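All remarks here apply to the structure that follows.
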Amino acid sequence: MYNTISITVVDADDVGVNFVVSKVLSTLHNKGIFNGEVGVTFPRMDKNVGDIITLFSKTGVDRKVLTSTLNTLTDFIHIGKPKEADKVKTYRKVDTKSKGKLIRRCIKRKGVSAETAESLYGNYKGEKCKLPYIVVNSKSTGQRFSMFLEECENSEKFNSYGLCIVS
RNA sequence: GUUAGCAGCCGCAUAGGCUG
C-alpha cells in the first residue's frame, strides 16, 4: 500500500499538456519533493506520459504542501485528493549516449587521439529511443534533454525525479 | 505522441549503472 496523490493537467491548450507535465516535474524536482521517499507514476501513459502525474509514498502526501510547491502552475493543474493504491507501476529514466559523447570520454580515459577514437567508434550510430519522455532543462548541467521513461521493477529507492534507481 | 532525443560521472566496455 502506497499513499498516492494525483496532478491532472487542465486548461492547457495554450501551452500543451507535455509542457505542463515538464514544468510540474521540474518544479517538484527543484523544490526537493523527490527526496528519495517519493515516486512518480503516470496512470494514462500510452505513447507519451499522459495528462496525469501521480506521486506515491509510504509517508504522508500533503495536498497543502504540494499546492504551495506548484503555486506558479495552479491555473494549469488540478490536484486531487489523497488515495492509496496496492500495486503502482514504476519507471526509470533511460539515457541516450551520442557518438560525440562516447568519443570524448574515450579520449579522456584511453588517452587516444581524435581520429583513433573516431575509428574505434566508426560503426557506432547512437541510441534512438522511442519511449515516452518528458523534456527537462537541467540548470547545473546547462542542458535540455528528453527524459525517456521505461517501466521497471519497483526498487523502492527513488532519485530526484521520483524514478526508481538500483539499491 | 512533446521540435526534444543533451552534457557528464562510474566502468575494460560502442554491457550495465548513476548524476541533472
Side-chain angles (χ1 to χ4, degrees), chain A residues 6-57 69-70 72-78 89-167:
Chain A
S6 271
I7 307 170
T8 301
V9 177
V10 295
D11 304 332
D13 285 0
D14 287 342
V15 297
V17 179
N18 284 311
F19 178 90
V20 178
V21 171
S22 168
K23 297 309 181 189
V24 165
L25 182 65
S26 277
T27 303
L28 298 171
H29 163 87
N30 290 325
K31 295 294 226 343
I33 298 297
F34 298 121
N35 65 2
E37 289 155 59
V38 181
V40 64
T41 189
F42 308 87
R44 284 185 74 201
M45 162 181 287
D46 180 22
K47 284 274 150 123
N48 46 30
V49 306
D51 75 327
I52 296 182
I53 300 119
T54 295
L55 314 180
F56 61 92
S57 171
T69 302
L70 306 168
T72 63
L73 293 159
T74 51
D75 285 334
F76 292 106
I77 56 180
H78 174 268
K89 276 194 168 76
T90 45
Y91 296 89
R92 65 177 300 272
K93 52 186 186 86
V94 195
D95 67 292
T96 58
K97 293 198 170 72
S98 68
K99 180 177 178 181
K101 166 190 291 173
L102 293 188
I103 277 167
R104 290 189 297 271
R105 183 162 172 85
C106 170
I107 292 168
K108 281 166 217 183
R109 282 177 66 85
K110 302 298 187 182
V112 296
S113 66
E115 301 206 353
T116 295
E118 289 283 354
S119 172
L120 289 168
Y121 288 80
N123 291 286
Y124 181 79
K125 264 82 131 183
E127 331 209 299
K128 185 143 141 73
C129 198
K130 281 294 208 233
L131 292 172
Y133 62 95
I134 300 173
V135 178
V136 170
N137 298 291
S138 170
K139 302 166 199 243
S140 58
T141 73
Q143 310 297 316
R144 172 177 308 181
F145 68 101
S146 291
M147 188 183 276
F148 292 98
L149 303 178
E150 182 180 56
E151 177 164 18
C152 71
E153 211 77 83
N154 189 350
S155 67
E156 309 186 335
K157 188 173 181 177
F158 308 92
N159 59 23
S160 70
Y161 288 98
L163 302 165
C164 283
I165 53 180
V166 295
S167 52

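Values below: all heavy atoms of this structure, side chains included; hydrogens, waters and symmetry mates excluded. Throughout, protein chains are lettered first and strands after them, A, B, ... in sequence-line order, and every chain is numbered starting at 1.
Comparing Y124(A) and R144(A) by the nucleotide of RNA chain B whose heavy atom lies nearest to each, the residue mapping closer to the 5' end is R144(A). Each of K110(A) and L131(A) has a nearest nucleotide on RNA chain B; the 5'-most of these lies closest to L131(A).
Using a 4.0 Å cutoff on non-hydrogen atoms, the parts of residues 95-104 of chain A near RNA chain B are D95(A), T96(A), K97(A), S98(A), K101(A), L102(A), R104(A), ordered by number.
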Practice task
Fill in the dot-bracket string of RNA chain B, one character per base: . for unpaired, | for a pair to another strand, ( ) or [ ] for pairs within the strand, taking Watson-Crick or G-U pairs under 3.5 Å.
Solution key: .....(((((.....)))))

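Using a 4.0 Å heavy-atom criterion, one finds that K128(A) contacts the bases of the nucleic acid, with or without backbone contacts as well. As judged by a 4.0 angstrom heavy-atom cut-off over every strand, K157(A) is placed among residues making no nucleic acid contact. Within 4.0 Å (heavy atoms only), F148(A) reaches at least one base atom of the nucleic acid. Here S22(A) lies out of heavy-atom contact (under 4.0 Å) with every strand. Backbone-only contact: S140(A) has heavy atoms under 4.0 Å from sugar-phosphate atoms and none from a base.
Nucleotides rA13(B) and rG8(B) have their P atoms positioned 16 Å apart, rounded to a whole Å. The gap from the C1' atom of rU2(B) to that of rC18(B) amounts to 25 Å, rounded to the nearest Å. Rounded to a whole angstrom, the distance from the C1' atom of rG11(B) to that of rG17(B) is 9 Å. Taking the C1' atoms as reference points, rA4(B) lies 16 Å from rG20(B), given to the whole Å. Across the P atoms, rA7(B) and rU14(B) are found 14 Å apart, a figure rounded to whole Å.
Pairing each heavy atom of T96(A) with each of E127(A), the nearest pair is CA-OE1, 3.3 Å.
Listed for the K31(A) side chain is a donor-acceptor partner under 3.5 Å among the backbone atoms of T69(A). When atom types are taken as modelled, the side chain of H78(A) and the backbone of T8(A) share no donor-acceptor pair closer than 3.5 angstrom.
Stacking holds between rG17(B) and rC18(B) under the rule that six-membered ring centres lie under 5.5 Å apart and planes differ by under 30°.
Annotation: salt bridge (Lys or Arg N to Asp or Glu O under 4.0 Å) contacts of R44(A) (sequence neighbours excluded): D51(A). Legend: residues meeting side-chain hydrogen bond (donor to acceptor under 3.5 Å, both in side chains) with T141(A), ordered by chain and number and at least two apart, are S138(A). For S98(A), the side-chain hydrogen bond (donor to acceptor under 3.5 Å, both in side chains) test picks out no residue, with sequence neighbours left out.
Going from atom OG of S113(A) over to atom CD1 of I107(A) covers 7.5 Å, rounded to the nearest 0.5 Å. Summarising the geometry, atom CD1 belonging to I7(A) is positioned 4.5 Å from atom CG belonging to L55(A); distances are rounded to the nearest 0.5 Å. Taking SG of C164(A) as the start and OH of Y91(A) as the end, the distance is 11.0 Å to the nearest 0.5 Å. Summarising the geometry, atom CD1 belonging to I134(A) is positioned 8.0 Å from atom CG belonging to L163(A); distances are rounded to the nearest 0.5 Å.
Extent of RNA chain B lying under 4.0 Å from chain A heavy atoms, first and last nucleotide in 5' to 3' order, is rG1(B) to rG20(B).
Aromatic ring centroids of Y161(A) and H29(A) lie under 6.0 Å apart.
For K93(A) and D95(A), the salt-bridge test fails: no basic side-chain N is under 4.0 Å from an acidic carboxylate O.
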